[PDB]
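Data block below; observations after.
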Amino acid sequence: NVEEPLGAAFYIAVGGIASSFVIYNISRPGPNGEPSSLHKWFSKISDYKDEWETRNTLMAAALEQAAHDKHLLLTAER
Amino acid sequence: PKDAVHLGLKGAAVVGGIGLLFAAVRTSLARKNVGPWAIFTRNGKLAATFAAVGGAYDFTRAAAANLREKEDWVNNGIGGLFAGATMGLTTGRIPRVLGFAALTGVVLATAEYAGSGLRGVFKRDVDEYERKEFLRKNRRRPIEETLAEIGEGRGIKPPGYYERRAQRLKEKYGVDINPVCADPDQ
Amino acid sequence: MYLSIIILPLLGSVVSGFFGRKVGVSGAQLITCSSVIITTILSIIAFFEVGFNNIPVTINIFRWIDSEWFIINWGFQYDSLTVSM
Amino acid sequence: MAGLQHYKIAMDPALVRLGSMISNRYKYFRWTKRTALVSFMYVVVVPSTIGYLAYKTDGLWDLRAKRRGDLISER
Amino acid sequence: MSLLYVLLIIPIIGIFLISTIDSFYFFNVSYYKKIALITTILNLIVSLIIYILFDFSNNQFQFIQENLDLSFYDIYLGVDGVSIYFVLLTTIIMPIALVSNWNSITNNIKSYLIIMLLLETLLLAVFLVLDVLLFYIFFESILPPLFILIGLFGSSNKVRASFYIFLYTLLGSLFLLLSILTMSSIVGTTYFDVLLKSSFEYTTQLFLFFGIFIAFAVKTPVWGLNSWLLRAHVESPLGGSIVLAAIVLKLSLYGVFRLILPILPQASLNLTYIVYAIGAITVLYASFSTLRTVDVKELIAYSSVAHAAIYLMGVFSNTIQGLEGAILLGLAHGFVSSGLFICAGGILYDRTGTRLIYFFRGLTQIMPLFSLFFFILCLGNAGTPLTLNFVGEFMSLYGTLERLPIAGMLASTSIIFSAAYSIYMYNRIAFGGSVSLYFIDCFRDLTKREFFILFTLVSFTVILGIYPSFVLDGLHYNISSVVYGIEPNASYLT
Amino acid sequence: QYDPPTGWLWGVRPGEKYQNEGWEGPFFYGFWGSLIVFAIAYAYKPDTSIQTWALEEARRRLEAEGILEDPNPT
Amino acid sequence: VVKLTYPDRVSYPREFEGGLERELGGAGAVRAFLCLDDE
Amino acid sequence: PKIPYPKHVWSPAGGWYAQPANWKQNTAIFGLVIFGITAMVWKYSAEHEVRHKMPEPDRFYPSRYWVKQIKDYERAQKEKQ
Amino acid sequence: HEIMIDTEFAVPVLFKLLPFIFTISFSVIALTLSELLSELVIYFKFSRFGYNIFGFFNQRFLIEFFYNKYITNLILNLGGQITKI
Amino acid sequence: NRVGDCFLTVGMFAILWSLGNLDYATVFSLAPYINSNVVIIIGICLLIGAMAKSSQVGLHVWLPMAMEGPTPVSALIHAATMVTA
Amino acid sequence: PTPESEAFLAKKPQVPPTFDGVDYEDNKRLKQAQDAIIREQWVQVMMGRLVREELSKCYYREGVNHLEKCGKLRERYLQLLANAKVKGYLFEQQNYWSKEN
Ligand SMILES: CCCCCCCCCCC(CCCCCCCCCC)(CO[C@H]1O[C@@H](CO)[C@H](O[C@@H]2O[C@@H](CO)[C@H](O)[C@@H](O)[C@@H]2O)[C@@H](O)[C@@H]1O)CO[C@H]1O[C@@H](CO)[C@H](O[C@@H]2O[C@@H](CO)[C@H](O)[C@@H](O)[C@@H]2O)[C@@H](O)[C@H]1O
Ligand SMILES: CCCCCCCCCCCCCCCCCC(=O)OC[C@H](COP(=O)([O-])OCC[N+](C)(C)C)OC(=O)CCCCCCCCCCCCCCCCC
Ligand SMILES: CCCCCCCCCCCCCCCCCC(=O)OC[C@H](COP(=O)(O)OCCN)OC(=O)CCCCCCCCCCCCCCCCC
Ligand SMILES: CCCCCCCCCCCCCCCCCC(=O)OC[C@H](COP(=O)(O)OCCN)OC(=O)CCCCCCCCCCCCCCCCC
């Protein structure tokens with residue numbers, strides 16, 4: 001008459017389904033289009049309005065000049 | 001044109017003469033007293049083999065040049081093919097025949113395509129700064145040059161593809177191109 | 001109902017196979033048969049709902065594969081033939 | 001036998017000998033009429049055949065939005 | 001200190017702590033393994049933080065740090081869509097590789113962990129460098145740690161294996177180096193943002209293509225250049241094998257996106273019928289050969305050859321679908337082949353001490369958890385749907401068929417033979433009679449460790465198999481940049 | 001008649017408890033743990049895929065024709 | 001045997017008014033029998 | 001008779017003749033978990049079913065009671081005169 | 001492609017009831033060939049013509065002997081040649 | 001069956017190649033309008049896939065070999081539901 | 001028309017979809033040109049996605065009458081299927097063409 005306990009697999013699956021239902025509902029933008037409190041944080045931190053555009057441009061121009069200086073030295077008349 | 005037999009004889013002589021050199025060193029480095037006439041007795045095969053490879057090589061390239069009526073890298077590889085084949089024939093092993101032919105024909109062909117500087121690379125005698133700058137900034141080219149190398153279709157559909165597409169199909173299949181309208185009202 | 005016909009045999013198969021130790025032999029037979037019977041009954045209604053009154057039912061849940069032109073969704077569609085079979 | 005003790009297996013000598021012969025077989029390959037033909041069939045002909053068909057038919061067709069009165073042949 | 005540089009620094013700190021902790025505490029080996037595991041966990045945590053901040057539709061390289069102190073050989077790091085998922089796959093896989101060997105090393109544990117941690121920094125550097133020479137420097141830097149890993153911890157034939165993987169890779173890479181040096185000479189620089197802007201002449205592109213393709217064919221590997229994989233991936237330690245198959249095979253795939261698609265598009269278009277003949281040949285010859293392979297890890301190693309041919313055919317399709325399928329199949333093969341090597345090299349080889357398939361039979365009877373995961377991994381290796389392996393195979397094969405139908409049909413036939421060799425192996429091991437009479441001792445089923453390194457791998461493939469959008473959303477705009485062609489009425493707007 | 005469910009999970013005999021090798025801590029809380037935390041943050045992540053940006057433009061450009069209906073005409 | 005012994009069609013093909021051209025998709029699709037060649 | 005079987009093998013499907021003494025209880029808890037998901041799915045399918053045709057009032061269409069698209073239509077259609 | 005109208009009217013009555021005639025007839029020969037005659041069939045079985053027919057149909061037209069040998073084992077030998085040569 | 005699915009997979013490639021997607025409401029909305037040769041290429045492929053899953057004379061050898069399973073499996077999967085896919 | 005959302009402000013191409021007039025030395029403007037090429041291609045293709053979507057609703061709504069009522073929606077997709085395809089910027093960046101040829 002040994003009894004089999006439910007175990008941890010049952011709780012993880014039910015908890016995972018319950019958590020998935022809970023997390024999805026609270027993450028919705030709501031009836032209005034205004035984002036959530038936590039939605040605005042993840043946009044403020046990842047702003048990079050032109051930061052990658054600025055940094056990349058200077059790097060490309062600097063290395064283009066650097067390639068130019070070597071081209072001058074490497075092709076100088078003997 | 002060129003004299004295939006005359007060039008081969010010069011080919012046979014030049015690299016056979018070095019074989020005669022290597023044959024004398026073997027005779028000189030021979031331990032037992034074999035006298036001076038072992039240059040052609042015990043090592044005559046060595047000098048003979050060299051004279052054969054050099055003859056086969058210069059004959060065939062000259063011959064390949066006559067047959068193709070051209071002078072390019074193909075002929076030295078072909079020359080090296082029989083040159084390599086000749087050395088393999090001395091061992092009497094078919095894989096040795098093919099493999100040494102393959103080795104020689106490949107090295108001697110990439111040597112002529114690339115033009116190894118062992119005698120000196122060709123000097124451009126131009127502003128070498130300018131060639132690099134042109135190659136560096138030639139970032140946009142006329143579409144015709146690309147169309148010559150890559151052709152039409154295979155996802156490369158320049159403006160005006162559909163008009164010439166119908167013309168090509170009419171010339172080959174004799175079928176007019178006219179897709180049907182998908183609207184009943186039209 | 002239309003999407004319950006989908007998941008009910010799935011749930012019955014997951015519990016019986018991954019928890020046959022928990023429900024035991026009779027527990028598994030009770031769930032698979034019950035889930036299939038409940039699913040079977042709902043199909044009979046769907047035959048009336050779709051086949052007899054001629055309402056095809058479209059149900060789209062979420063995109064499966066989305067590349068440029070291919071938009072394959074986990075979408076289900078009830079018409080006369082699928083309720084016949 | 002290995003670094004970490006495993007279970008006791010009935011290591012059959014015949015099967016052990018078979019699995020060693022396979023691992024050592026490369027050392028005994030030789031060029032013969034048979035081995036040259038098979039090695040030439042698989043490495044050259046069949047690949048060059050596919051390369052011929054791939055080359056010959058590259059661009060021959062496009063299926064995109066083809067209709068009645070319009071062929072599939074592209075070249 | 002950019003997040004990308006943080007990725008390369010954490011595994012180096014772990015090396016420092018591993019090799020100095022004895023001066024602060026005879027230290028226990030468990031300590032070293034815990035330092036190494038946490039080190040890889042924090043590296044995974046950083047790669048997840050980057051992914052949250054990553055933007056899916058930017059043509060600028062992201063999370064780049066300005067150097068401006070130019071030298072001859074500087075290391076610039078940056079990430080976009082094509083590199084973001086390879087970085088994630090490296091950070092997910094390496095913790096699993098560490099756990100997969102937790103109990104099976106037992107000697108030179110410090111050396112194993114330091115080598116494993118160094119390999120993480122190098123492989124990540126490969127996917128993050130923004131320069132073509134920088135790419136080569138890291139693609140090759142991993143050979144000596146790989147050479148010493150196999151020799152220190154490999155099986156009986158690890159000497160021949162370590163030589164094969166070192167010399168094959170070097171010889172091919174030397175031809176790739178020649179092609180790379182020609183590019184830097186003409187352009188003056190190998191930086192991505194300015195080398196892609198350049199335009200090489202057709203015959204230059206042709207000779208640049210051979211040099212690069214010879215290296216990528218040794219690393220794919222293509223059939224006939226794959227002896228090194230048969231030896232190395234089998235003779236390697238289990239962790240080595242996981243890293244070798246799930247990460248190192250991908251470098252040539254990621255390298256096709258950065259070294260030939262943008263700069264050699266004419267050569268790629270005009271030579272596809274040669275790539276496809278080799279790709280078609282590899283799909284058939286490998287599939288037939290693995291059907292007759294008797295070493296279980298070599299069978300699983302040989303499957304990698306067949307699948308690598310499919311995503312190699314995808315990257316040369318010039319289509320949006322083929323390129324997305326190629327990355328998704330390369331990612332899918334990373335999880336599934338990792339699980340199959342844990343099943344073979346970790347579970348079976350630790351119990352029996354042998355890898356010959358002749359000795360296994362009926363393992364399902366005593367080991368139902370192993371068989372449950374083994375079957376799901378045998379389904380995924382067969383391209384069964386709801387695995388990320390199907391989405392990648394279908395998209396990769398669709399591009400191959402559209403670019404060139406004769407190769408698509410032949411590559412399609414892999415749907416039969418992958419199933420054929422995967423299920424046939426599965427039956428001779430898990431099914432096919434009762435438990436093999438060669439086993440004297442009974443076997444235990446999966447330990448908690450084995451269950452959770454397999455459950456994790458089968459979870460990733462299945463969830464990504466049901467919602468591949470997680471990965472495709474961050475590939476759509478960047479994949480678009482590598483396509484070469486124009487439409488008749490969309491080109492040249494005015 | 002039926003047998004009571006038997007078997008040793010993880011090989012643990014009924015007498016004793018599963019012993020920890022030390023990987024369980026970092027793996028269950030560092031590896032999987034961070035993998036659920038990341039999943040939560042992914043629900044709040046802004047949508048920057050090219051497709052949704054393009055569907056919005058495709059919508060208006062279709063609303064300029066008769067295929068779609070403008071919610072806010074003129 | 002069947003080729004030498006099989007019954008000829010015992011009914012003229014049915015004709016639909018207007019050919020059902022609009023209902024089947026306009027002139028760009030396949031329509032039905034409408035005052036067409038005998039068969 | 002019943003075939004002998006190893007007692008040391010743990011299978012989640014239960015094994016050879018597994019039937020726990022608490023099988024009735026566990027079969028009820030799992031049924032409730034099964035029921036709740038179906039309710040969750042039924043609520044979803046009521047909300048997102050799409051129909052371009054509306055059933056006639058007299059016909060046996062039991063879905064009109066729980067679906068939103070028909071209920072909104074019938075509620076609006078009740079306003080006559 | 002509609003042929004249903006001719007099915008109800010154009011078809012001749014003889015062919016419409018023809019399957020029933022064969023069904024209700026050939027049953028009696030089969031029912032008479034057993035428990036009534038019961039040896040006409042064995043006489044056919046032990047002839048050389050019947051023995052070859054019986055096996056061919058019992059061996060399912062041999063579409064599995066040529067499959068196993070000229071399709072399945074061909075691939076197995078192809079794999080053998082590639083691994084060994 | 002996997003042989004049939006290869007032909008079926010190729011068939012969906014031909015749908016995707018010609019129509020942009022393989023959703024039912026699109027394929028059948030454009031069916032009367034596409035190249036007749038395309039439809040043959042399309043049509044043949046899924047018939048071969050249909051040939052495998054319904055045991056047609058070419059790929060037919062699995063259904064009787066598939067009678068090695070328990071009898072209800074033979075009744076349900078191999079006699080009334082899947083063979084009708 | 002649908003109002004332009006805040007998201008569809010930070011990713012609007014400030015430049016036309018072309019490479020004429022772009023100085024390839026200047027990185028910002030070339031990158032903007034490549035951005036304009038790709039986004040136009042994707043915008044044109046999601047039109048097909050919406051047309052495909054509408055045709056689906058039309059097809060079911062019309063049933064057997066789909067061959068006669070959904071005609072306008074059928075052709076619009078077919079035109080888009082004929083033209084729209086993300087082909088990248090790389091060809092147009094590397095190959096100038098002129099209509100007056
Ligand atoms: C799984 C498939 C199951 C089997 C179904 C096959 C159904 C039939 C399809 C056959 C098909 C589809 C492509 C198959 C692969 C595409 C995608 C693969 C599958 C995607 C998943 C392959 O047909 C190809 O066959 C080639 C053979 O060489 C020919 O190429 C060229 O051959 C030489 C010149 O003809 C060149 O010298 C050579 O240089 C080329 O090479 C061409 O005929 C054609 O390209 C197209 O067939 C159709 O082609 C067209 C033009 O002919 C025909 O139209 C006709 O043209 C007029 C004169 O013809 C007639 O007056 C007119 O009445 C009619 O308008 C059709 O009647 C039909 O024939
Ligand atoms: C695509 C990859 C898989 C994705 C889905 C993953 C599972 C999702 C849920 C599937 C339904 C539940 C299946 C439970 C099966 C019974 C549980 C079990 O494994 O027992 C082991 C059983 C043990 O059951 P047992 O109780 O009889 O064990 C004791 C007796 N012995 C040990 C002798 C057997 O082991 C086996 O006998 C079979 C070994 C292989 C197990 C394969 C089970 C199916 C696995 C999922 C198949 C998914 C199909 C996906 C189709 C894809 C479609 C495109
Ligand atoms: C092997 C599985 C294969 C799956 C393939 C993909 C699915 C296709 C087959 C299933 C078809 C139906 C899928 C389920 C549809 C409904 C999901 C659901 O539960 O939605 C309800 C919940 C809230 O509804 P909401 O989305 O907010 O509606 C308003 C939004 N406009 O919406 C939610 O977001 C809640 C999410 C809850 C968690 C998911 C529930 C899944 C239900 C099925 C579980 C199956 C696995 C069982 C695991 C073991 C259980 C013991
Ligand atoms: C981002 C750019 C990075 C550039 C490189 C920066 C440095 C990278 C690492 C280079 C080498 C660092 C070595 C770190 C370990 C040094 C500390 C140490 O002493 O470890 C000792 C360890 C175990 O030995 P021990 O514990 O003393 O003896 C116990 C016997 N019961 O013994 C060992 O750990 C030895 C481990 C095996 C050898 C290492 C793996 C092969 C390396 C080949 C070296 C040549 C190539 C170098 C490549 C550098 C990275 C590209």
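Residues in the structure tokens are named by chain (A, B, ... in the order shown) and by number from 1 within that chain; ligands are numbered from 1 in the order shown.
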Non-local contacts of residue 50 of chain C (9 Å; only C-alpha atoms; under 4 positions in same chain excluded) as an MDAnalysis selection string: chainID C and resid 45:46 54:57 78:80 83
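Considering only C-alpha atoms and all ligand atoms, the residues that reside within 6 Å of ligand 4 can be listed as residues 19, 110, 111, 114, 115, 141, 144, 145 and 148 of chain E.
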Keeping N, CA, C and O atoms for every residue in the selection just given, could you write it to a file as an mmCIF file, in the first residue's frame?
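The resulting file, part-v8.cif, is reproduced below:
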data_model
loop_
_atom_site.group_PDB
_atom_site.id
_atom_site.type_symbol
_atom_site.label_atom_id
_atom_site.label_comp_id
_atom_site.auth_asym_id
_atom_site.auth_seq_id
_atom_site.Cartn_x
_atom_site.Cartn_y
_atom_site.Cartn_z
ATOM 1 N N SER E 19 44.250 29.174 -10.810
ATOM 2 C CA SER E 19 45.675 28.898 -10.715
ATOM 3 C C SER E 19 46.351 29.611 -9.553
ATOM 4 O O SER E 19 47.572 29.508 -9.413
ATOM 5 N N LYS E 110 42.972 20.964 -13.088
ATOM 6 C CA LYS E 110 43.308 22.372 -13.265
ATOM 7 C C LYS E 110 43.600 22.691 -14.725
ATOM 8 O O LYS E 110 43.134 23.706 -15.253
ATOM 9 N N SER E 111 44.375 21.834 -15.393
ATOM 10 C CA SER E 111 44.700 22.073 -16.793
ATOM 11 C C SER E 111 43.455 22.009 -17.665
ATOM 12 O O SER E 111 43.295 22.812 -18.591
ATOM 13 N N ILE E 114 41.404 25.291 -17.132
ATOM 14 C CA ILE E 114 42.064 26.461 -17.699
ATOM 15 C C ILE E 114 41.976 26.436 -19.220
ATOM 16 O O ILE E 114 41.713 27.464 -19.856
ATOM 17 N N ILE E 115 42.178 25.264 -19.824
ATOM 18 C CA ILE E 115 42.057 25.143 -21.274
ATOM 19 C C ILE E 115 40.631 25.437 -21.717
ATOM 20 O O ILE E 115 40.407 26.143 -22.707
ATOM 21 N N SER E 141 43.901 30.847 -33.139
ATOM 22 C CA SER E 141 44.499 30.787 -31.810
ATOM 23 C C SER E 141 44.047 29.571 -31.010
ATOM 24 O O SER E 141 44.721 29.197 -30.046
ATOM 25 N N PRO E 144 46.349 25.401 -30.477
ATOM 26 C CA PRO E 144 47.231 24.863 -29.432
ATOM 27 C C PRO E 144 46.469 24.432 -28.186
ATOM 28 O O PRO E 144 46.758 23.355 -27.646
ATOM 29 N N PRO E 145 45.504 25.219 -27.676
ATOM 30 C CA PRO E 145 44.677 24.672 -26.585
ATOM 31 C C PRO E 145 43.892 23.437 -26.999
ATOM 32 O O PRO E 145 43.738 22.507 -26.198
ATOM 33 N N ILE E 148 46.396 20.489 -27.099
ATOM 34 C CA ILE E 148 46.820 20.000 -25.795
ATOM 35 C C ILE E 148 45.647 19.381 -25.038
ATOM 36 O O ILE E 148 45.834 18.440 -24.260
#
When you look at segment 10-17 of chain G with a cut-off of 7 Å (counting only C-alpha atoms), what residues show up, excluding the ones that are within fewer than 3 positions of it in the same chain? I need them as a PyMOL selection string. (chain G and resi 20+32-34) or (chain I and resi 10)
As number ranges by chain, please: the residues near segment 61-67 of chain J (cut-off 9 Å, only C-alpha atoms, same-chain neighbours under 5 positions excluded). I: 63-64; J: 1, 52, 54-56, 73-74, 78-79, 83
Would you mind exporting N, CA and C atoms of the selected residues as a compact mmCIF listing (two decimals), in the first residue's frame?
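In the end it all went to part35.txt:
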# COMPACT_ATOMS: atom_id res chain seq x y z
N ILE I 63 7.38 -7.20 -54.40
CA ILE I 63 7.77 -5.79 -54.37
C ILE I 63 8.49 -5.49 -53.06
N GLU I 64 8.83 -6.53 -52.30
CA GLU I 64 9.68 -6.37 -51.13
C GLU I 64 10.98 -7.15 -51.21
N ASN J 1 7.62 5.96 -45.05
CA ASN J 1 6.87 7.21 -45.00
C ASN J 1 7.78 8.42 -45.17
N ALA J 52 2.68 7.61 -50.03
CA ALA J 52 3.37 6.94 -48.93
C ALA J 52 2.46 6.74 -47.73
N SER J 54 -0.75 6.55 -47.60
CA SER J 54 -1.95 5.76 -47.85
C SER J 54 -1.61 4.44 -48.53
N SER J 55 -0.33 4.08 -48.55
CA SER J 55 0.13 2.76 -48.99
C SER J 55 -0.32 2.46 -50.42
N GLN J 56 0.20 3.25 -51.35
CA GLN J 56 -0.04 2.99 -52.76
C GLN J 56 1.05 2.09 -53.32
N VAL J 73 -4.03 -0.55 -32.04
CA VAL J 73 -3.18 0.30 -32.87
C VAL J 73 -3.40 -0.02 -34.34
N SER J 74 -3.46 -1.30 -34.68
CA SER J 74 -3.76 -1.70 -36.05
C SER J 74 -5.12 -1.16 -36.48
N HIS J 78 -3.49 2.16 -38.19
CA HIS J 78 -3.14 1.53 -39.49
C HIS J 78 -4.39 1.02 -40.23
N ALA J 79 -5.60 1.39 -39.84
CA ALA J 79 -6.74 0.88 -40.63
C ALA J 79 -7.83 1.91 -40.87
N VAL J 83 -3.96 6.17 -42.34
CA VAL J 83 -3.86 5.70 -43.75
C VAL J 83 -4.69 6.67 -44.59
Determine, counting only C-alpha atoms, which protein, DNA and RNA residues have an atom within 6 Å of an atom of segment 155-160 of chain B; residues of the same chain fewer than 4 positions away are not included. Present the result as number ranges by chain. E: 485-489
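The part of chain B that reaches within 12 Å of chain J is made up of residues 178, 179, 180, 181, 182, 183 and 184 of chain B, counting only C-alpha atoms.
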Preceding selection exported with N, CA and C atoms as a PDB file, in the first residue's frame:
ATOM      1  N   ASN B 178       2.488  36.608 -72.263  1.00  0.00           N
ATOM      2  CA  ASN B 178       1.309  37.384 -71.904  1.00  0.00           C
ATOM      3  C   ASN B 178       0.629  36.772 -70.687  1.00  0.00           C
ATOM      4  N   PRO B 179       1.047  37.136 -69.475  1.00  0.00           N
ATOM      5  CA  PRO B 179       0.362  36.631 -68.280  1.00  0.00           C
ATOM      6  C   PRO B 179      -1.096  37.065 -68.256  1.00  0.00           C
ATOM      7  N   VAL B 180      -1.952  36.173 -67.770  1.00  0.00           N
ATOM      8  CA  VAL B 180      -3.389  36.416 -67.762  1.00  0.00           C
ATOM      9  C   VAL B 180      -3.753  37.299 -66.579  1.00  0.00           C
ATOM     10  N   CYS B 181      -4.731  38.176 -66.783  1.00  0.00           N
ATOM     11  CA  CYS B 181      -5.216  39.025 -65.703  1.00  0.00           C
ATOM     12  C   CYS B 181      -5.920  38.184 -64.645  1.00  0.00           C
ATOM     13  N   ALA B 182      -5.672  38.511 -63.381  1.00  0.00           N
ATOM     14  CA  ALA B 182      -6.249  37.777 -62.264  1.00  0.00           C
ATOM     15  C   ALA B 182      -7.562  38.372 -61.772  1.00  0.00           C
ATOM     16  N   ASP B 183      -8.040  39.448 -62.394  1.00  0.00           N
ATOM     17  CA  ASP B 183      -9.287  40.083 -62.002  1.00  0.00           C
ATOM     18  C   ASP B 183     -10.355  39.820 -63.049  1.00  0.00           C
ATOM     19  N   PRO B 184     -11.527  39.312 -62.657  1.00  0.00           N
ATOM     20  CA  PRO B 184     -12.603  39.127 -63.647  1.00  0.00           C
ATOM     21  C   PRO B 184     -13.025  40.421 -64.319  1.00  0.00           C
TER      22      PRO B 184
END
Counting only C-alpha atoms, a student should be able to say which residues of chain E come within 12 Å of chain I; what is the right answer, written as a PyMOL selection string? chain E and resi 223-224+227+230+281-282+284-294+298-299+302+416-417+420-421
Check the DSSP output for the backbone and give back, as a PyMOL selection string, the residues of chain F in alpha helix (DSSP H). chain F and resi 24-25+32-44+50-63
Keeping only N, CA and C atoms, write the selected residues as a compact mmCIF listing (two decimals), in the first residue's frame.
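Below is the file selection.txt, written as the result:
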# COMPACT_ATOMS: atom_id res chain seq x y z
N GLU F 24 25.18 21.61 -8.62
CA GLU F 24 23.75 21.88 -8.53
C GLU F 24 23.47 23.33 -8.18
N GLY F 25 24.27 23.91 -7.29
CA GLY F 25 24.11 25.29 -6.90
C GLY F 25 24.17 26.26 -8.07
N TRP F 32 19.97 28.22 -14.95
CA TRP F 32 18.54 28.24 -15.21
C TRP F 32 17.90 29.49 -14.63
N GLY F 33 18.25 29.83 -13.39
CA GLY F 33 17.78 31.05 -12.75
C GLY F 33 17.86 32.26 -13.65
N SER F 34 19.07 32.57 -14.12
CA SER F 34 19.24 33.69 -15.04
C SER F 34 18.47 33.49 -16.34
N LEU F 35 18.20 32.24 -16.72
CA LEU F 35 17.43 31.98 -17.93
C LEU F 35 15.94 32.25 -17.77
N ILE F 36 15.41 32.18 -16.54
CA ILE F 36 14.03 32.62 -16.33
C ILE F 36 13.98 34.14 -16.16
N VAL F 37 14.95 34.72 -15.45
CA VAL F 37 14.99 36.17 -15.30
C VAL F 37 15.05 36.84 -16.66
N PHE F 38 15.90 36.31 -17.56
CA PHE F 38 16.05 36.89 -18.92
C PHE F 38 14.72 36.76 -19.65
N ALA F 39 14.05 35.63 -19.45
CA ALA F 39 12.76 35.44 -20.12
C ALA F 39 11.75 36.49 -19.68
N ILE F 40 11.77 36.85 -18.39
CA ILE F 40 10.86 37.88 -17.90
C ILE F 40 11.18 39.22 -18.54
N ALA F 41 12.46 39.60 -18.55
CA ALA F 41 12.86 40.86 -19.19
C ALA F 41 12.52 40.87 -20.67
N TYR F 42 12.44 39.70 -21.30
CA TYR F 42 12.14 39.66 -22.73
C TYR F 42 10.69 40.03 -23.01
N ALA F 43 9.79 39.80 -22.06
CA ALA F 43 8.41 40.22 -22.23
C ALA F 43 8.29 41.74 -22.24
N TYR F 44 9.13 42.43 -21.48
CA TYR F 44 9.11 43.88 -21.42
C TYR F 44 10.03 44.53 -22.45
N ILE F 50 12.47 44.60 -37.81
CA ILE F 50 12.20 45.38 -39.01
C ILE F 50 10.77 45.16 -39.50
N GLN F 51 10.19 44.00 -39.21
CA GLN F 51 8.89 43.66 -39.80
C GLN F 51 7.79 44.58 -39.29
N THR F 52 7.69 44.74 -37.97
CA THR F 52 6.61 45.54 -37.41
C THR F 52 6.75 47.01 -37.79
N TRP F 53 7.98 47.52 -37.81
CA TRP F 53 8.20 48.84 -38.38
C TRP F 53 7.71 48.91 -39.82
N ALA F 54 7.91 47.85 -40.59
CA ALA F 54 7.52 47.85 -41.99
C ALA F 54 6.02 47.66 -42.18
N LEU F 55 5.37 46.84 -41.34
CA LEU F 55 3.93 46.66 -41.47
C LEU F 55 3.18 47.97 -41.23
N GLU F 56 3.66 48.78 -40.29
CA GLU F 56 3.02 50.06 -40.03
C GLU F 56 3.08 50.96 -41.26
N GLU F 57 4.24 51.02 -41.91
CA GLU F 57 4.34 51.79 -43.14
C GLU F 57 3.56 51.13 -44.27
N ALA F 58 3.63 49.80 -44.37
CA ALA F 58 2.84 49.10 -45.38
C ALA F 58 1.35 49.35 -45.20
N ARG F 59 0.90 49.50 -43.95
CA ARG F 59 -0.52 49.76 -43.70
C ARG F 59 -0.96 51.08 -44.31
N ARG F 60 -0.29 52.18 -43.93
CA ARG F 60 -0.65 53.49 -44.46
C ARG F 60 -0.59 53.50 -45.98
N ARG F 61 0.50 52.98 -46.54
CA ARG F 61 0.67 52.95 -47.99
C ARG F 61 -0.43 52.13 -48.66
N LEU F 62 -0.97 51.14 -47.95
CA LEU F 62 -2.13 50.42 -48.45
C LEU F 62 -3.42 51.20 -48.21
N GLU F 63 -3.48 51.99 -47.14
CA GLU F 63 -4.66 52.81 -46.89
C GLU F 63 -4.81 53.92 -47.91
Within 6 Å of ligand 1, counting only C-alpha atoms and all ligand atoms: which residues, as a count of residues only? 16
Starting from chain E, keep only residues with some atom at most 9 Å from an atom of chain K, counting only C-alpha atoms, and report them as an MDAnalysis selection string. chainID E and resid 57:60 193:194 197:199 262 265 318:320 477 479:494
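Residues in contact with residue 453 of chain E at up to 9 Å, not including ones fewer than 6 positions away on its chain and judged by only C-alpha atoms, are residues 96, 97, 99, 100, 339 and 342 of chain E.
The two atoms in question, atom CA of residue 167 of chain E and atom CA of residue 231 of chain E, are spaced 12.6 Å apart.
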